Each structure stands twice: as C-alpha cells, then as structure tokens.
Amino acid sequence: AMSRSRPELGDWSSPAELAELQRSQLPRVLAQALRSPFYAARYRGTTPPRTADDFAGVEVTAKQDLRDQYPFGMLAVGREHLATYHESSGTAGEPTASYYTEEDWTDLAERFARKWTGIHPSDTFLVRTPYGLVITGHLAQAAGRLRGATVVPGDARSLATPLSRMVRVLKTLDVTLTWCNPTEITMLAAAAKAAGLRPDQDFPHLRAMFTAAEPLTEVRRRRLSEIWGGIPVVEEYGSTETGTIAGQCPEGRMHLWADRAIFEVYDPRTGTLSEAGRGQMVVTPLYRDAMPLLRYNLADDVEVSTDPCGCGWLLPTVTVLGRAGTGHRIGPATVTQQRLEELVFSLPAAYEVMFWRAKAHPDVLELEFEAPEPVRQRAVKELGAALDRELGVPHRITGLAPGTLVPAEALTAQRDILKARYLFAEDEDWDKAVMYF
C-alpha cells in the first residue's frame, strides 16, 4: 500500500520525523477548524491561525465549549457528508455531540484496530459495549469489519443481551476476542461461574480481552487476566469525541497515537501546554473533517512520558489516573480509587474478591466487598492490614454475602426478546402486552 494516506507504526524512525508527520497536517487542520461556527466565532475580528508555528498560540477547547455548541456548532462540513452522529456518556441534561464522515470513520477504525494481539478473519469478536448513541459499540464493530473478524454484537445495558446469554455465546461460538469495560470482564467471569463454567479453563479459544473506559491499575488488569486463564487484557484510552488516542503495547503500557493527533499536557495552574509530564490530556486530532478540535481538553489527569519502553515503539506512554478533581482525603492520607483497587486486587485470587465499593467519610474509610463465607474473615483482616501498612487511614471494612452487591438475577436470568402483543389467550399473562421489553 504505497497508496495509503494516513501514517502507520513504523513510518517514522525518530521523534523529529514524528513531529514532521504532525506539523505537515496543521495547515489543512487549521483551515478545516475555521469552517465550524465555533472557531469562526472564536477568531472573528482577528487573523486566524493558518501555519504549524501559529498552532503554539491556539487557545484550549473545553468540554463546556462542546456542550454550549450542542448540537452542530463544531460542524465544519455539510450535514450531507456525516456518516454517524454520537453523544457522550455521563450527564443526560447536558449532552456532548460528536459526528464523523465516512473518511473520519476510517481513521477511527484504524486506531481501534491497533491491538498488539492483532484482529484477524480467524477471530470471532464479541462487542459487549453499548450501541445506544455512544460510539464504543460502533467503533469496535467498525474495526472488526475492517480486519474481517466475525462481529457478534452483544451490545451492553440492553434487555436483549443479559450476561447469562453472553456466557453461552462466549462458549458455544468459540469467541476469540471481547470488547467491554474492566467491570464487565469481572461480571462475565461471575456469570460464567454461576453457569458452572471456569473462566480460567472452559473458554480455550478466548485469546484476548480488549478493554477501556475505566482507570485500570496493573494489579487489577493482571488479576482480570488470571481470572480468564492468563490471556492478555489489552487496554486502550479514548472518548466519543476523540476516538482511541492510546493503546497497549506487549509490555502492558498505553502509547499515544501521536501520528493521528498532537497530544499536549495542560497544567491548569500555570496554563502551560507541554509535550510530556503530569496534567490534563489535550488532543488535536489530525485526520477528521466533520468536527475539528483544536487543543481539546479531555480534563483527564494523565502522566505522559517520552522515556523508552521495552516494546521499542517510537511513541510516548500515558498513564490515566482518573478525572481531574476526583480525589478524596481522610487523615493527611490521599485515598484514590486506584490505590484502594491495588489493595483489593492484591488479596489472593482464591478469596474471589471482585466486587467492592468504598465511601470517604471525613474521619474513616467505609469499604464493602463480596466474598464467599469461608474466606470472608481472612479477606476483611488482610485488606485492613493492607490499608494500615499502605495508607494508615482509619477504616470500617465489611465482607458481604455473594448476591448482595451483584444480584444472582443479573448473573443467571434469561430474557425472551418479545414484541408487542395486544390479544392474549385466557391462560397467558397479558402483562407483556405494550411494555414487552
């Protein structure tokens, strides 16, 4: 393919060459951004940025800007050129719209498809994320179609596809790849066990699990891998409005797809943008026509490093800590979900602790988790000792019976996919007449 117009891993031999692949797109990107009502209004009465050098002066685009411009204030092409329209997860009251041409979709699908394990025609790919307005289900399906994998559209949060039916599909279709968030990986494992199947042995064709959408510690990621037989759990970082911006290498670090976007770290205190360090993730996608974004702040706290990785990819690594501002403090001690997660998932695998939750009170950390009765007291004691050793916070830890946080019906209930029925026989329950879901 002498013919392909977007860069691939291996097209650049140095960071200087990568920087050139980026800057050579900025005149097109800056001209396209100005066609949107939002950027045309932003630079009204001034000379707009046109050149690679002008980009250093470009003002950040905030989430609140995208919400204020709902639905099509960020639109730079005729609506006739849109292929799909999406809205972000989170608050329903203040939606964020994103939208993509067919050519925009090719870039999106390529970035998702950068899975170090490969996606092949030989694969059966269960897409277990939502298709309702959000991009995630559509994105995985598009990458599956691109690479010829058989796509099984599992959807998520749909009454049509409960966990019991997904477990049966995983086993009976010999599914080789999955796409779902890390909590859904443990939900599927709990559903398998409730169906009398061992996730570590009874799914021999499952070769990788693709995941995103949650901050994921290496301790949790490795436990999720071990639960499913030691297979790779392949993380990516993305959003509805950016698509996939980073993907895992074989060493287990996420690398920024810097050939497809200019990535900057925003220090909200000084207002400076830097190519690496700690701060808020800023993205300028290079290969989109419909919805240009100039220095869009995802407002995730990230650590970007240019330090080499054992994978040898010539791309910076990124750790995603969480959403900016989300931390809690109890003693002098900062309590992060990420620190608690590392302690919970360091309990021996034999204790089967997967489901937990915690509440920061001013004085004390309240934490609950499900564990089988025989190991429950051990789990409470060891997790307490871990909190003492690592954080020194006062705690109130309660072990719960399985079925308490995650009900049995979520794991085992089957649901017929009915249609509206208006006339029933005497013996039939007519309660499913109009509300048939």
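The first residue of the shown sequence is 1; numbering continues from there. The term rigid core refers to the maximal set of C-alpha atoms that superpose within 1.5 Å between the two forms.
S.K.: Do the Cα atoms of 328-336 or of 272-280 sit farther, on average, from the shown structure in 4 other deposited structures of this protein when the rigid core is superposed?
M.R.: Comparing 272-280 with 328-336, the one that moves more in 4 other deposited structures of this protein is 328-336.
S.K.: For the C-alpha atoms alone, is the average B factor greater in 209-217 or in 88-96, going by the entry?
M.R.: The stretch with the larger mean CA B-factor is 88-96.
S.K.: On mean Cα temperature factor in this entry, is 130-138 or 275-283 the higher one?
M.R.: Higher mean C-alpha B-factor in the PDB entry: 275-283.
S.K.: Looking at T124, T161, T270, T101, which has the biggest Cα B factor in the entry?
M.R.: The C-alpha B-factor peaks, among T124, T161, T270, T101, at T270.
S.K.: Quick one: which of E409, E370, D65, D53 has the biggest Cα B-factor according to the entry?
M.R.: Of the candidates given, the C-alpha B-factor peaks at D53.
S.K.: Classify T150 as lowest, middle or highest third according to the C-alpha B-factor given in the PDB entry, relative to its own chain.
M.R.: As the PDB entry reports it, the C-alpha B-factor of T150 lands in the lowest third of its chain.
S.K.: Where does the C-alpha B-factor of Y39 rank in its chain, lowest, middle or highest third?
M.R.: Middle third by C-alpha B-factor.
S.K.: Is the Cα B-factor recorded for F72 in the lowest, middle or highest third of its chain?
M.R.: For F72, whose C-alpha B-factor we compare with every modelled residue in the chain, the answer is the lowest third.
S.K.: Ranked by Cα temperature factor within the chain, is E236 in the lowest third, the middle third or the highest third?
M.R.: CA B-factor rank for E236: lowest third.
S.K.: Using the B-factor values recorded in the entry, state whether the Cα atom of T319 falls in the lowest, middle or highest third among the modelled residues of its chain.
M.R.: According to the entry, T319 has a C-alpha B-factor in the chain's middle third.
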